[PDB]
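Below, in structure tokens: the form deposited in one PDB entry, a single chain.
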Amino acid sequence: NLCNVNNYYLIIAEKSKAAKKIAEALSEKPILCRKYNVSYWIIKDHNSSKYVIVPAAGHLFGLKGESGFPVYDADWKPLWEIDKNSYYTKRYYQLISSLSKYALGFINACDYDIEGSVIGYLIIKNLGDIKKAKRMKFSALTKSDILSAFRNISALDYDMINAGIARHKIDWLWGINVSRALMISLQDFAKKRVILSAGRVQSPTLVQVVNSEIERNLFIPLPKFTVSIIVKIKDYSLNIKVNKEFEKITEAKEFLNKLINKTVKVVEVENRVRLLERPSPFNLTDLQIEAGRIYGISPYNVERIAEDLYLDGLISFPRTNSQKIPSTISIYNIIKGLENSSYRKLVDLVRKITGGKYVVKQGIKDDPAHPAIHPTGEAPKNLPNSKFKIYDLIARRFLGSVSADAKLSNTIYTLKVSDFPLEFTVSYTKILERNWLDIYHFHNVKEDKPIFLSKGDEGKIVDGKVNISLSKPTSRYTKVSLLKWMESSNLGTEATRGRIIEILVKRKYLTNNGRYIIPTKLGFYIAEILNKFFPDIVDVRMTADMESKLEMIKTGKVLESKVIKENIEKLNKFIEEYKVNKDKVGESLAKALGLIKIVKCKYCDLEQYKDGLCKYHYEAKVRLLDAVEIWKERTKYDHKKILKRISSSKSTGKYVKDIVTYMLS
């Protein structure tokens, strides 16, 4: 049988598609084999050496520690021996273990990042011979990249491996201990056993939602005033908002008074042609943001649809931060694949506006292991509309990036009020060449109605208004805008961000208020408890500091052992200081879950704090009265008018509106 083979080198890939692609790169007829119901590949013909290519399935090993508190040591163990979720990995473990027995040497061909180095290391270490190990380094999954990596096989980068291991240790230490400190404190106080968690990523994310929700529910809009004018010039009546703001309504009224009756004169005309840049290809964060804005799909669902499309061979590997396509990726093969599909009409358009040359508009962000998300060229069949909407975004985004920047004709009129130092512009845009706007057609570009003015034309300011504008709070969070905030803060990875948000929901820390996501009462107190006794775990700075130490490990500037001991010092010091207050923590937690029931606020479910009000409803009144004074000085309105306008604004925090409502009776 063809699948019998001896004296080969064992090439370990991170996933089954990567293994297949490597096998296809090294032989034109690689041998498909099957054992423990896992596919693997034999190469009998690559330059007179034998190779077996076997996929892992993500991590096959994970840290495992003792039970109890606190625990400052853990061991790598088979994931299936500890986690019944990842029982899926056992058959991969068994296959690789079997194949390692006859192998002459081992090559880690997992993805070229910190986690890939660890996955392959632990597999070779525990199932193979780490003394006979080498590394394959490729940043894309093309034959050229793979065969070049294969030719340039090097020794293991232990600095990269140790950074990866350090990341696991740090996250295990803080995640497990602090999560246990939460559960153990409640257990000793309330004699209740509930699942509570904290972590380097999930907890700064919870606190962000909680802090924003607090400031928002306490927000009072403050008033400012701007002036708009009516300009009669020739057949035209122009309504112009003057770029000047006023705190006091009286100085806005004096400004408007000084503009009315004055003459305005066109002093400059500029006809300029602007290029509107075509988009770059998607990274997962861009795709999540766009799919959210255009279709309302949640970032966790976008991640899993993108995965299904990639498992179907329709798009490249989606868990990528890159917005770049490297030169080893055949654009021609994608375009001609998309020609043999329903997109051929758009391809013909791209071929037209480019003169037949497809140049990717390379984005800024990179990824060491993968290029940006792009269609493979394979034509889809039987995509439910939800999976087609994602595929179409990716394909039109890629096709748009290989097309042409759009051309805009801007007519800009500079008008000056004669007898006053005030200039202001009036402009309309007309789209010369839509170009990518017809391909990635998810961008509305406003073409105003043309206005024909000439240098020397004059008009009168015949009217105007003082316009009030009320200040605005921070916006509410959606799952996608939270995703965006995490990426912006460098929390999580393309894979974990969606999932970690869903963890915060499953722990009942956050919940869905329709479109939005809002903290629960449990979430509120967990943020407070964690900021009080474990503030490091609640700041995005912990990830920044950890990333910095990890880059030092990767570059030979520090030892993993130091970083872990330092981490243990900080955690333990908090652990010591914690288990004195550990019954207050359980107490706060007991209140958090509604076990210590309490006297409720006059207006909500929170615990009353002063004058019959919870601490936030009390602060809402303090802040309201301060604001009401500011409104008085600025607007000259009477008290009832101020309240009723504050009660009218969607910007007004809920807690404030409860008090205003009451003040109005």
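The first residue of the shown sequence is 1; numbering continues from there. By rigid core we mean the largest C-alpha set that fits within 1.5 Å across both forms.
Only in words, not in the display: the form deposited in another entry, which the text now covers.
Novice: Any idea which of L399, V302, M486, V178 has its C-alpha shifted 2 Å or more between the shown form and the other one with the rigid core fixed?
Specialist: C-alpha shift of at least 2 Å: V178.
Novice: Core aligned, does the CA of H374 move at least 2 Å between the shown form and the other one?
Specialist: Shift of 2 Å or more: no.
Novice: Once everything's superposed on the core, is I119 shifted 2 Å or more at the Cα between the shown form and the other one?
Specialist: For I119, whose C-alpha is compared between the shown form and the other one after core superposition, the shift is 2 Å or more.
Novice: Does the distance between the two CA positions of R634 reach 2 Å or more between the shown form and the other one, the core being superposed?
Specialist: Comparing forms between the shown form and the other one, the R634 CA shifts below 2 Å.
Novice: Relative to what's shown here, the Cα pair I373 and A163 differs by 3 Å or more in the other entry. Does it come closer or drift farther?
Specialist: Closer together, which means the C-alphas of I373 and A163 are at least 3 Å nearer in the other entry.
Novice: Using the form shown as baseline, tell whether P55 and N321 are closer or farther in Cα-Cα distance in the other entry, where the change reaches 3 Å or more.
Specialist: Farther: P55 and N321 separate by 3 Å or more in the other entry.
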